[PDB]
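Shown next, in structure tokens, is the structure this report addresses.
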Amino acid sequence: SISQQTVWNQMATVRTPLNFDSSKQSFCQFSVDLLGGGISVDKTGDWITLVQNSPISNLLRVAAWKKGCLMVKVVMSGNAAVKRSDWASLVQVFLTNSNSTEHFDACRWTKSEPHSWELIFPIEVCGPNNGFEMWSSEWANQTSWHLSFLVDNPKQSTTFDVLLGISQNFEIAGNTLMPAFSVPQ
Amino acid sequence: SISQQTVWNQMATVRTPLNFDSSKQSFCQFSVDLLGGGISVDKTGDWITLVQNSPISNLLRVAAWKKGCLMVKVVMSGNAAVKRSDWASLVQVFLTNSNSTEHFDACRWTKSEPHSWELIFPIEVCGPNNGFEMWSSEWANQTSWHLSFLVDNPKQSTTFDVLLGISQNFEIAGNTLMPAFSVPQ
Amino acid sequence: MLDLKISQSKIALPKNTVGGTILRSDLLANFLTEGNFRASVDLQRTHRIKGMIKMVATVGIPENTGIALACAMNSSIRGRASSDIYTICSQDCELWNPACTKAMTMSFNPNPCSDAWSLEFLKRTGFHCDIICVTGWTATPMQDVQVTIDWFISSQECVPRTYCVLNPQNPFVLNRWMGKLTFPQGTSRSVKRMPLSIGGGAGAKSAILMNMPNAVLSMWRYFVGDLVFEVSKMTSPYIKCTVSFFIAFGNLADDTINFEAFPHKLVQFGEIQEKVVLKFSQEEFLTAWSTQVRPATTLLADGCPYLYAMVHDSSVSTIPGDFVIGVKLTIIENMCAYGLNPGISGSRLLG
Amino acid sequence: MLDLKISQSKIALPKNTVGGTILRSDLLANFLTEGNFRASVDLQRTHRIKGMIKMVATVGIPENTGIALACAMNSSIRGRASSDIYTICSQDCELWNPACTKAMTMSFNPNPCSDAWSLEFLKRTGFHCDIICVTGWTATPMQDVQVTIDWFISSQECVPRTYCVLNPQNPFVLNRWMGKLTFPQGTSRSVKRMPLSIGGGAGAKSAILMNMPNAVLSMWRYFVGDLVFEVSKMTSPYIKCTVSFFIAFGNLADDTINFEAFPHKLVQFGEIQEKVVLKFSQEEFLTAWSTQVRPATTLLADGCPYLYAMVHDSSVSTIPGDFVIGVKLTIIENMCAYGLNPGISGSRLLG
Amino acid sequence: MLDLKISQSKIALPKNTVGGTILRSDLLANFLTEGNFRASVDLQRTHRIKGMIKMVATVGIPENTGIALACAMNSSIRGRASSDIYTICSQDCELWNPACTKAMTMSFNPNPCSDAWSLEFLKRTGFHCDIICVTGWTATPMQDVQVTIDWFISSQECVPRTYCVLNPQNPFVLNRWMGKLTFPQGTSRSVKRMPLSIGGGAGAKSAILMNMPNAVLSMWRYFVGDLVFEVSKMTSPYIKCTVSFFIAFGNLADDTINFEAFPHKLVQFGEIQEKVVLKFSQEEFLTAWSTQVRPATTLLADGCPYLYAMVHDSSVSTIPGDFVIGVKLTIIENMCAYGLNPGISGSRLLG
């Protein structure tokens, strides 16, 4: 077994739109497709999003059949300029296998600590093939795992980092042909 | 097995620059090379840094090949004069094997508790030799473990103490010739 | 066979094909659905099939020309996926030179997770097939050429091939393309250096190419093993050249006289011979080395080993063209890896 | 041998060398690369070597003079590292007096983590070698001297030597320099007191010198064991002196008459004899003692034992010079340690 | 091998080389001294070596071209010695065509008088090595070529080869070049006649060429034996021709219809085949014949037998060039000689 302590992999960094307009609406929304490797955002402003080409981020996007556990860690780094007494923001997190609203939530959290918080939880991939699941395959009407955020007051809860940790039992099979991954610079 | 409860060793104490100028920039940065034993700082002001010549601090700097676990504890002692209601500071912590930006993070945290906080986590040294790793050796393009801090509002989150705890399985081999370690006074 | 024949595809090979050229890229299900042969409606009216898919490709060309074709199978595809030999060859892919091999065979299991497949499964899953020209014609034919592929359901049962990321099997099947090496005609040494810090994928322009088995190796921090390389002659059998292979570090000068004082392997191909399998055991490596080195790293500062390739005597022929060979690291035996890799951004470009 | 010879270095020893003088300090790889001998290109074209490195140093000087040389091997070096006998002698180091020993040998494993090394490994790792004069000439030679070192790849396999910090092995290899003791000619007792609270390194000016094995012992709070000391004659065989060794506490007066009522060892060297190994068993210690005592602690308030050394009869000669001996605690057998040490700042200076 | 490798030479072969061209002619000691390989300082620091010298030459060229190279070893050399294939090939010499043979090997004993050699012996004795092109390119390559020679000390012991002039051994090693035969493309018979009165050396212009074994045979007056000939294809494998060999007298006309009513041998080479060994036993000769005939002697007045060679069918190809073969009388078995030879002045020119 290969292993090392405290070594996770960066997957995404989502920065709230800088030009968010409180006047039109109070919150904003984004969603990270954990297994597919994509980030979806609001038309609420100009989001700054990034999927790091870390080893796990690369592996997941290219692994056709997946199976097993993964560890998820979300770190929210907010606006340090707000005095603690003025904190008036909260973010709701949802775990769903699909982005369709016809699907109920696998889990749900609401975090409101001032300036920063952290959220760690495991996800497990179970599919029809041999316990193996292919990302959103039309085949057995397969699915994925999406982590969605509803950020109430994007100016305080400004930044989100998503890290993934691979488990001792994660197992994959087959290769998905993908176009080249862009390297910033 | 030699062992005793609650006996860690002091490794470093980093005090934020007293003459930090909020006007130029809001945060400041420093980095501690856990295995190499060095502290790096900003040109943001006059930092007061110190590596204690504790038994573990001495051992690490002089041990050529290392392997095994170490326990890390970071204690932030801040500015007690700030009323809790006015706390508006946070510090981001990063664990990386190198200082180069081309390297992704092994882990990441963001702490914002008023006045003081504590962070404890383990690190593990795995190298190519026989599981043994030499500090930043050009040999198998070896590396180290660096703990980096981005301190937003250095006037509130003012002090940082780093303690290391040796594990029952930590093992070393060979000696690295070093120049004398300075003893304050 | 005849009765288990399910389809037949005819791939066009223009006399001016160049290399990097995609002859045909489609859904495997579509190649398996051309023509009405004995087992055709069976392929379509059967819910589970345990035999592997077998294909037989034929086309012969004279010895005074050459061309390298590759036929690659991949579980799925997303978007405008890369068709580079590196990206497409990690699952089930055979590379051949019709000047040496006039009929090529390949059997594979379309469902690596288990032991059976379906035609529906192939369609809804997106199983892909790319037939590309890796190296163009050494000398162009008189007319346009055509490759005929016969498809069969084999009697050979399907066997799974899965990867446990933090628990590699032995041997570890990597199938990583190391590059396409060209040795121009002349008395030049043409020293080639392929780095063994193969983690992080293949470099592209401000991008990286990636395939699954290479992605799992990138998960580990350090590694060693007996490396097995498969060397293929991708040019006409008329361009002769003796290539010398050995392990060494990046910092040696091209003109190092006693390069061959190191343990090495001399390779000369016979007219009709096209493949050679080199195997470098762990006795060549003192310790494990980095899985990834940062791309900007110089030959002088690289502390990881390299697979060197150079001309032992000279590259000679009576027709024009460079001597070209393709190198593929197929498997790693008795591998040994250490630690988990946080990752380094980007990677160097292959040959 | 001849065939396994890889190099030969010639170290210069000026007739006016003094002690603390560095004869040569370089990368081991550079000493191993001087001259073209039988196994030289093998050393350079071989990826793994299992035999230990063996060296043979020769130089003879007459009995009416003396000088102590030390040849030390260390895994790596950072910066302007200390070259003091204490810092450099913990890994693999041999100390010799050419007046007694005209040819010295030493074999070592450059890679304590495993059982093989490489010349590349030696270069990229920074394996270091220091040849220093620990004590200068008792009487200066007529002309300048030179020491020739022949290097070989031994047939003796390499064996690892690793330290599990919280689980010492038995014996524990310490190799700590206790000091250089000088007994001036005359009828003086010249009482010497070397403290056994050896943790924390060696004192320097507003600094501490440190080596790995001494650093691991400093990790523990209390310890005991059978202590083995290696005493070396670093002066000419013409300066005679009987030294008396025993264990006692710091608070005894120099003139204590019955010092020798305690269990002690009398040491007299023969002309050509230069080393003596003393062994003080645990029967000499009632309990474990502090690994570190705060430096400012007085002889009167020290509750830890001391290794005493004094002149039994007198230091006499017909040529000028003090009788000088070097003491090194090589190993600790059946050691026993208690608790973890938070640490005390600084340490006392050695002899 | 690797460890017993002592040197490596790279010989240049220009695309326009012609034949009779000396690629390199030097002291063997100089070829054995190029580059620093495993056994190099051993070669230089060892007083006696019993293993034979082994060389491995490599270079491959396509089948639609050809060239004949010869690598020859001789004990010594005086003055501006002849480099003709005849003079240089009597001791230890191998002739090869890279179009058929892509790697050639040869082992020899530099000291025929005994069983050991020295590098000093090679230098002070003048042991010589000539690498010459015997026949130029059938078709010129695209670029310049290069032949790489690896030199080794073999594990095969050296064995002497001496000649007792008035007491020949059986077999008698002659190694006499009989000529280079060319058969131009067409339906011509191109009858060739090589005389068997081989004494007196090879003719030159108002001179004679001579080598040792041919000189000892010239000492005898009459001789017979089973003659063994080694026939080599010195042209491209694309020029086909069936050659017919037989023994007959000089006075037969080229158009003698039933030449093949005599016992003969038909030779056809396969693409990659380059050598054929013909053996004519004593049943072909009624009695011994003159060792030397006076040069001016006509075909009609020659009473000694001849080795005839003629085209059986035709010399044909699609590329230009004559079919060329080289004939060498290697050994004579069960030889029988009579009387001592006073000598005749001069000799006829070979092919």
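Chain lettering (A, B, ...) mirrors the order of the structure tokens, residue numbering begins at 1 for each chain separately, and ligand numbering begins at 1 in order of display.
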Leaving out residue C:176 and any residue of its chain fewer than 2 positions from it, which residues lie within 7 Å of it when counting only C-alpha atoms, given as a ChimeraX atom specification? /C:86,90,174,178,214,328-330
Please find the residues of chain D near chain B - the criterion being any atom within 6 Å, counting only C-alpha atoms - and write them as a PyMOL selection string. chain D and resi 74-78+80-82+112+124-125+162-167+206-209+212+215+218-219+339-340+342-343
Can you write out the residues you just picked, keeping N, CA, C and O atoms, as a compact mmCIF listing (two decimals), in the first residue's frame?
# COMPACT_ATOMS: atom_id res chain seq x y z
N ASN D 74 31.51 11.65 6.13
CA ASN D 74 30.17 12.10 6.53
C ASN D 74 29.21 12.14 5.35
O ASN D 74 29.59 12.56 4.27
N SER D 75 27.97 11.73 5.55
CA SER D 75 26.97 11.68 4.48
C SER D 75 26.75 12.91 3.66
O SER D 75 26.54 12.81 2.46
N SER D 76 26.76 14.07 4.29
CA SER D 76 26.53 15.30 3.56
C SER D 76 27.16 16.46 4.32
O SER D 76 27.80 16.27 5.35
N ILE D 77 27.01 17.66 3.78
CA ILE D 77 27.56 18.87 4.38
C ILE D 77 26.74 20.05 3.88
O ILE D 77 26.29 20.05 2.74
N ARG D 78 26.47 21.00 4.77
CA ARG D 78 25.72 22.20 4.42
C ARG D 78 26.48 23.43 4.90
O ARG D 78 26.82 23.54 6.07
N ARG D 80 29.38 26.35 5.54
CA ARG D 80 30.76 26.33 6.02
C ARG D 80 30.76 25.53 7.30
O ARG D 80 30.92 26.07 8.40
N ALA D 81 30.55 24.22 7.13
CA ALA D 81 30.48 23.30 8.24
C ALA D 81 31.74 23.27 9.06
O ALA D 81 32.84 23.57 8.57
N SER D 82 31.55 22.94 10.33
CA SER D 82 32.62 22.81 11.30
C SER D 82 33.53 21.64 10.90
O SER D 82 33.07 20.64 10.33
N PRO D 112 24.44 4.51 4.45
CA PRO D 112 23.96 3.84 5.66
C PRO D 112 22.52 3.35 5.62
O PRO D 112 22.12 2.58 6.47
N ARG D 124 25.95 13.71 -6.16
CA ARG D 124 24.71 14.45 -6.00
C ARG D 124 24.17 14.54 -4.59
O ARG D 124 23.36 15.40 -4.27
N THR D 125 24.72 13.71 -3.74
CA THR D 125 24.33 13.61 -2.36
C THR D 125 25.24 14.50 -1.50
O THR D 125 24.81 15.10 -0.50
N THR D 162 21.33 2.37 10.61
CA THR D 162 20.30 3.37 10.82
C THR D 162 19.99 3.46 12.31
O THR D 162 20.27 2.53 13.06
N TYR D 163 19.44 4.59 12.72
CA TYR D 163 19.09 4.84 14.11
C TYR D 163 17.61 5.06 14.29
O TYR D 163 17.02 5.94 13.67
N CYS D 164 16.97 4.23 15.10
CA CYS D 164 15.55 4.43 15.38
C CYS D 164 15.57 5.28 16.67
O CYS D 164 15.89 4.80 17.75
N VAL D 165 15.28 6.57 16.53
CA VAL D 165 15.37 7.49 17.66
C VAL D 165 14.78 7.04 19.01
O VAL D 165 15.48 7.02 20.02
N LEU D 166 13.52 6.62 19.03
CA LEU D 166 12.91 6.19 20.28
C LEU D 166 13.02 4.70 20.57
O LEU D 166 12.31 4.17 21.41
N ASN D 167 14.00 4.05 19.94
CA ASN D 167 14.23 2.62 20.07
C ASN D 167 15.65 2.27 19.75
O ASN D 167 15.92 1.54 18.79
N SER D 206 29.32 30.80 22.25
CA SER D 206 27.94 31.27 21.97
C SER D 206 27.34 30.41 20.86
O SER D 206 26.59 30.90 20.00
N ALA D 207 27.71 29.14 20.87
CA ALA D 207 27.25 28.21 19.87
C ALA D 207 27.44 26.81 20.37
O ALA D 207 28.00 26.60 21.45
N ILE D 208 26.89 25.86 19.63
CA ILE D 208 27.03 24.46 19.94
C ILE D 208 27.34 23.75 18.64
O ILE D 208 26.95 24.20 17.57
N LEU D 209 28.18 22.73 18.76
CA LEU D 209 28.58 21.86 17.66
C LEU D 209 27.68 20.64 17.83
O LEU D 209 27.37 20.26 18.95
N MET D 212 24.98 13.80 14.41
CA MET D 212 23.80 12.96 14.54
C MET D 212 23.69 11.99 15.70
O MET D 212 22.75 12.10 16.48
N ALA D 215 23.01 13.74 18.79
CA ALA D 215 21.70 14.37 18.74
C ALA D 215 20.59 13.39 19.12
O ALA D 215 19.60 13.78 19.73
N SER D 218 20.55 12.99 22.87
CA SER D 218 19.98 14.18 23.49
C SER D 218 18.46 14.19 23.51
O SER D 218 17.85 15.01 24.17
N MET D 219 17.84 13.29 22.76
CA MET D 219 16.39 13.21 22.73
C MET D 219 15.81 12.62 24.01
O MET D 219 14.66 12.88 24.32
N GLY D 339 12.34 8.62 29.63
CA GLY D 339 11.73 9.88 29.25
C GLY D 339 12.28 10.65 28.07
O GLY D 339 13.35 10.36 27.55
N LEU D 340 11.49 11.62 27.65
CA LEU D 340 11.82 12.48 26.53
C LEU D 340 12.34 13.80 27.08
O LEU D 340 11.83 14.30 28.08
N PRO D 342 12.94 17.87 26.91
CA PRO D 342 12.43 19.13 26.36
C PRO D 342 13.60 19.95 25.83
O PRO D 342 13.46 20.71 24.88
N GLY D 343 14.76 19.78 26.46
CA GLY D 343 15.96 20.48 26.05
C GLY D 343 16.40 21.59 26.97
O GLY D 343 15.60 22.23 27.63
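With only C-alpha atoms taken into account, the protein and nucleic acid residues at most 7 Å from residue E:95 (excluding it and anything under 2 positions from it in its own chain) are residues 68, 69, 70, 71 and 93 of chain E.
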Pull the closest atom pair for each residue of chain C that gets at most 8 Å from chain D, along with the distance in Å to one decimal, counting only C-alpha atoms, ordering rows by chain and then ascending residue number, as CSV.
residue,atom,partner,partner_atom,distance
C:261,CA,D:45,CA,5.9
C:262,CA,D:45,CA,4.7
C:263,CA,D:45,CA,7.7
C:283,CA,D:48,CA,6.7
C:284,CA,D:47,CA,5.3
C:285,CA,D:47,CA,6.0
C:286,CA,D:48,CA,5.3
C:303,CA,D:124,CA,7.4
Counting only C-alpha atoms, a student should be able to say which residues of chain B come within 6 Å of chain A; what is the right answer, written as a tab-separated table (two decimals) with N, CA and C atoms, in the first residue's frame?
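The result, stored in selection.tsv:
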chain	number	residue	atom	x	y	z
B	85	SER	N	-14.83	41.86	19.42
B	85	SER	CA	-15.76	42.34	18.39
B	85	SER	C	-15.07	42.97	17.19
B	86	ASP	N	-13.83	43.40	17.38
B	86	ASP	CA	-13.09	44.05	16.31
B	86	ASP	C	-12.13	43.14	15.58
B	87	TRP	N	-12.12	41.85	15.92
B	87	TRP	CA	-11.22	40.94	15.27
B	87	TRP	C	-11.53	40.93	13.79
B	88	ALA	N	-10.51	41.15	12.97
B	88	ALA	CA	-10.66	41.17	11.53
B	88	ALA	C	-9.32	40.74	10.96
B	89	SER	N	-9.02	39.47	11.16
B	89	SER	CA	-7.76	38.89	10.73
B	89	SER	C	-7.95	37.39	10.53
B	106	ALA	N	0.08	20.07	-0.45
B	106	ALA	CA	-0.24	18.77	0.11
B	106	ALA	C	-1.46	18.98	1.01
B	107	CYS	N	-1.56	20.13	1.64
B	107	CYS	CA	-2.71	20.40	2.47
B	107	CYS	C	-2.84	21.88	2.63
B	123	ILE	N	3.06	14.81	9.84
B	123	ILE	CA	3.70	14.84	8.53
B	123	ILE	C	4.47	13.54	8.53
B	124	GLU	N	4.80	13.04	7.36
B	124	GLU	CA	5.53	11.81	7.27
B	124	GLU	C	6.57	11.94	6.19
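Atom pair atom CA of residue C:31 / atom CA of residue C:106 has a distance of 14.5 Å (rounded to one decimal).
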Spatial neighbours of residue E:221, 8 Å, only C-alpha atoms, chain gap at least 6 places, as a ChimeraX atom specification: /E:290-292,337-341
Test item, helix (DSSP H, G or I) assignment across stretch 55-239 of chain E, answer as a PyMOL selection string: chain E and resi 85-88+119-125+212-217
Write the residues you've just listed into a file as a short mmCIF file (atom, residue, chain, number, x, y, z; two decimals), in the first residue's frame, and include N, CA, C and O atoms for each of them.
data_model
loop_
_atom_site.label_atom_id
_atom_site.label_comp_id
_atom_site.auth_asym_id
_atom_site.auth_seq_id
_atom_site.Cartn_x
_atom_site.Cartn_y
_atom_site.Cartn_z
N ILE E 85 45.03 -6.34 -51.60
CA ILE E 85 44.35 -7.44 -50.93
C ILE E 85 45.22 -8.72 -50.89
O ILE E 85 45.27 -9.39 -49.87
N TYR E 86 45.96 -9.00 -51.96
CA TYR E 86 46.83 -10.17 -51.99
C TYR E 86 47.92 -10.16 -50.91
O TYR E 86 48.12 -11.17 -50.25
N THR E 87 48.62 -9.05 -50.76
CA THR E 87 49.72 -8.95 -49.80
C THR E 87 49.27 -8.99 -48.35
O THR E 87 49.87 -9.66 -47.52
N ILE E 88 48.19 -8.28 -48.06
CA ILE E 88 47.71 -8.16 -46.70
C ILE E 88 46.88 -9.29 -46.10
O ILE E 88 46.80 -9.38 -44.87
N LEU E 119 50.92 -5.30 -24.85
CA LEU E 119 50.63 -4.12 -25.66
C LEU E 119 52.00 -3.56 -26.08
O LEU E 119 52.17 -3.12 -27.21
N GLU E 120 52.99 -3.62 -25.19
CA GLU E 120 54.36 -3.18 -25.50
C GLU E 120 54.90 -3.96 -26.68
O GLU E 120 55.56 -3.41 -27.55
N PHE E 121 54.68 -5.27 -26.65
CA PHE E 121 55.11 -6.18 -27.71
C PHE E 121 54.49 -5.71 -29.03
O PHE E 121 55.16 -5.64 -30.04
N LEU E 122 53.21 -5.36 -29.00
CA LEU E 122 52.54 -4.90 -30.21
C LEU E 122 53.16 -3.62 -30.74
O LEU E 122 53.32 -3.47 -31.94
N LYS E 123 53.54 -2.70 -29.86
CA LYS E 123 54.13 -1.44 -30.27
C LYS E 123 55.54 -1.55 -30.82
O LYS E 123 55.85 -0.98 -31.86
N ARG E 124 56.41 -2.25 -30.09
CA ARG E 124 57.81 -2.38 -30.46
C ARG E 124 58.12 -3.35 -31.57
O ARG E 124 59.17 -3.30 -32.20
N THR E 125 57.14 -4.17 -31.87
CA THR E 125 57.23 -5.19 -32.88
C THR E 125 56.69 -4.66 -34.22
O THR E 125 57.19 -5.00 -35.30
N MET E 212 54.26 -14.29 -46.66
CA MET E 212 54.91 -15.46 -46.11
C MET E 212 54.42 -16.85 -46.49
O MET E 212 55.18 -17.63 -47.04
N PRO E 213 53.15 -17.19 -46.22
CA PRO E 213 52.76 -18.54 -46.63
C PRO E 213 52.95 -18.89 -48.10
O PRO E 213 53.29 -20.02 -48.42
N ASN E 214 52.80 -17.92 -48.99
CA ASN E 214 53.01 -18.15 -50.43
C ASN E 214 54.50 -18.34 -50.69
O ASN E 214 54.88 -19.07 -51.59
N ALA E 215 55.33 -17.69 -49.88
CA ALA E 215 56.78 -17.80 -50.01
C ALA E 215 57.27 -19.19 -49.59
O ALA E 215 58.23 -19.70 -50.16
N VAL E 216 56.62 -19.81 -48.61
CA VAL E 216 57.08 -21.14 -48.21
C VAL E 216 56.69 -22.16 -49.26
O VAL E 216 57.48 -23.02 -49.57
N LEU E 217 55.52 -22.03 -49.87
CA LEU E 217 55.14 -22.96 -50.92
C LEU E 217 56.11 -22.82 -52.11
O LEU E 217 56.47 -23.81 -52.71
#
Could you give me, as number ranges by chain, the residues within 7 Å of stretch 232-243 of chain E, counting only C-alpha atoms and dropping anything in the same chain fewer than 6 positions from it? E: 63-68, 97, 99, 135, 138, 266-268, 271-272, 274-276, 309-317, 323-327
Please write the residues from the selection above to a file, keeping N, CA and C atoms, as an mmCIF file, in the first residue's frame.
data_model
loop_
_atom_site.group_PDB
_atom_site.id
_atom_site.type_symbol
_atom_site.label_atom_id
_atom_site.label_comp_id
_atom_site.auth_asym_id
_atom_site.auth_seq_id
_atom_site.Cartn_x
_atom_site.Cartn_y
_atom_site.Cartn_z
ATOM 1 N N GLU E 63 19.974 -3.888 -49.318
ATOM 2 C CA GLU E 63 20.294 -4.931 -50.285
ATOM 3 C C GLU E 63 20.514 -4.499 -51.711
ATOM 4 N N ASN E 64 20.106 -3.284 -52.043
ATOM 5 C CA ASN E 64 20.281 -2.796 -53.403
ATOM 6 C C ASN E 64 21.607 -2.067 -53.636
ATOM 7 N N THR E 65 22.558 -2.312 -52.747
ATOM 8 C CA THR E 65 23.896 -1.774 -52.852
ATOM 9 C C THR E 65 24.815 -2.866 -52.272
ATOM 10 N N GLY E 66 26.115 -2.645 -52.314
ATOM 11 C CA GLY E 66 27.037 -3.627 -51.800
ATOM 12 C C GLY E 66 28.394 -2.982 -51.810
ATOM 13 N N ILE E 67 29.323 -3.555 -51.059
ATOM 14 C CA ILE E 67 30.687 -3.074 -50.967
ATOM 15 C C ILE E 67 31.428 -4.172 -50.229
ATOM 16 N N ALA E 68 32.685 -4.393 -50.581
ATOM 17 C CA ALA E 68 33.470 -5.425 -49.931
ATOM 18 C C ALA E 68 34.601 -4.784 -49.155
ATOM 19 N N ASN E 97 30.907 -8.275 -46.808
ATOM 20 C CA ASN E 97 30.015 -7.402 -47.569
ATOM 21 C C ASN E 97 28.860 -7.020 -46.637
ATOM 22 N N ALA E 99 26.159 -5.701 -46.994
ATOM 23 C CA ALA E 99 24.831 -5.898 -47.551
ATOM 24 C C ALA E 99 24.330 -7.283 -47.179
ATOM 25 N N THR E 135 36.285 -3.688 -52.976
ATOM 26 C CA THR E 135 35.384 -3.391 -54.082
ATOM 27 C C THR E 135 34.548 -2.208 -53.615
ATOM 28 N N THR E 138 28.253 -0.666 -54.995
ATOM 29 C CA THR E 138 27.559 -1.064 -56.220
ATOM 30 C C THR E 138 26.682 0.113 -56.622
ATOM 31 N N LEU E 266 28.339 -25.618 -59.418
ATOM 32 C CA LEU E 266 27.553 -24.443 -59.786
ATOM 33 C C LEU E 266 27.285 -23.617 -58.531
ATOM 34 N N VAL E 267 27.543 -22.322 -58.593
ATOM 35 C CA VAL E 267 27.342 -21.468 -57.447
ATOM 36 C C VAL E 267 26.318 -20.370 -57.721
ATOM 37 N N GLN E 268 25.290 -20.281 -56.880
ATOM 38 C CA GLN E 268 24.268 -19.228 -56.966
ATOM 39 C C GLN E 268 24.185 -18.683 -55.534
ATOM 40 N N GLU E 271 20.064 -13.992 -51.522
ATOM 41 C CA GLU E 271 20.143 -12.544 -51.211
ATOM 42 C C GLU E 271 21.209 -12.180 -50.168
ATOM 43 N N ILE E 272 21.034 -12.743 -48.971
ATOM 44 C CA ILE E 272 21.884 -12.478 -47.819
ATOM 45 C C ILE E 272 23.142 -13.348 -47.669
ATOM 46 N N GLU E 274 26.816 -14.570 -48.612
ATOM 47 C CA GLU E 274 27.972 -13.977 -49.258
ATOM 48 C C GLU E 274 29.180 -14.878 -49.457
ATOM 49 N N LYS E 275 29.293 -15.975 -48.724
ATOM 50 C CA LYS E 275 30.439 -16.860 -48.907
ATOM 51 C C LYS E 275 30.063 -18.271 -49.268
ATOM 52 N N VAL E 276 30.959 -18.922 -49.989
ATOM 53 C CA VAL E 276 30.769 -20.287 -50.428
ATOM 54 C C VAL E 276 32.156 -20.893 -50.385
ATOM 55 N N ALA E 309 36.440 -20.586 -64.149
ATOM 56 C CA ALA E 309 35.211 -20.027 -63.604
ATOM 57 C C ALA E 309 34.524 -19.411 -64.814
ATOM 58 N N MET E 310 33.237 -19.668 -65.011
ATOM 59 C CA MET E 310 32.519 -19.096 -66.147
ATOM 60 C C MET E 310 31.050 -18.926 -65.801
ATOM 61 N N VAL E 311 30.337 -18.132 -66.583
ATOM 62 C CA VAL E 311 28.924 -17.917 -66.332
ATOM 63 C C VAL E 311 28.148 -19.096 -66.899
ATOM 64 N N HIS E 312 27.361 -19.737 -66.038
ATOM 65 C CA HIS E 312 26.555 -20.889 -66.421
ATOM 66 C C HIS E 312 25.331 -20.482 -67.241
ATOM 67 N N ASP E 313 24.645 -19.428 -66.805
ATOM 68 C CA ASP E 313 23.476 -18.913 -67.517
ATOM 69 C C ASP E 313 23.679 -17.475 -68.000
ATOM 70 N N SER E 314 23.557 -16.497 -67.112
ATOM 71 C CA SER E 314 23.770 -15.106 -67.467
ATOM 72 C C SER E 314 23.887 -14.251 -66.213
ATOM 73 N N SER E 315 24.473 -13.063 -66.378
ATOM 74 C CA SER E 315 24.671 -12.091 -65.306
ATOM 75 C C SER E 315 23.554 -11.076 -65.493
ATOM 76 N N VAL E 316 22.606 -11.002 -64.564
ATOM 77 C CA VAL E 316 21.478 -10.105 -64.746
ATOM 78 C C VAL E 316 21.089 -9.274 -63.559
ATOM 79 N N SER E 317 20.645 -8.054 -63.818
ATOM 80 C CA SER E 317 20.195 -7.180 -62.758
ATOM 81 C C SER E 317 19.345 -6.045 -63.299
ATOM 82 N N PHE E 323 28.866 -8.440 -61.912
ATOM 83 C CA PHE E 323 28.769 -9.368 -60.822
ATOM 84 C C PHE E 323 30.245 -9.567 -60.497
ATOM 85 N N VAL E 324 30.649 -9.385 -59.247
ATOM 86 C CA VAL E 324 32.060 -9.549 -58.878
ATOM 87 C C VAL E 324 32.230 -10.500 -57.700
ATOM 88 N N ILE E 325 33.182 -11.418 -57.791
ATOM 89 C CA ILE E 325 33.440 -12.342 -56.700
ATOM 90 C C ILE E 325 34.928 -12.398 -56.456
ATOM 91 N N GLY E 326 35.314 -12.664 -55.221
ATOM 92 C CA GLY E 326 36.718 -12.771 -54.888
ATOM 93 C C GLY E 326 37.001 -14.211 -54.516
ATOM 94 N N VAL E 327 38.110 -14.749 -55.002
ATOM 95 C CA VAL E 327 38.489 -16.129 -54.721
ATOM 96 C C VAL E 327 39.760 -16.187 -53.868
#
Would you please give, as a ChimeraX atom specification, all residues of stretch 57-102 of chain C that DSSP assigns to strand (DSSP E or B) based on the backbone? /C:57-58,68-74,76-77,92-96
Separation of atom CA of residue C:62 and atom CA of residue C:16, in Å? 16.1 Å
Near residue E:5, within 8 Å and counting only C-alpha atoms, which residues show up once chain neighbours fewer than 4 positions away are dropped, as a list in words? residues 1, 37, 38, 39, 40, 150, 151, 152 and 153 of chain E
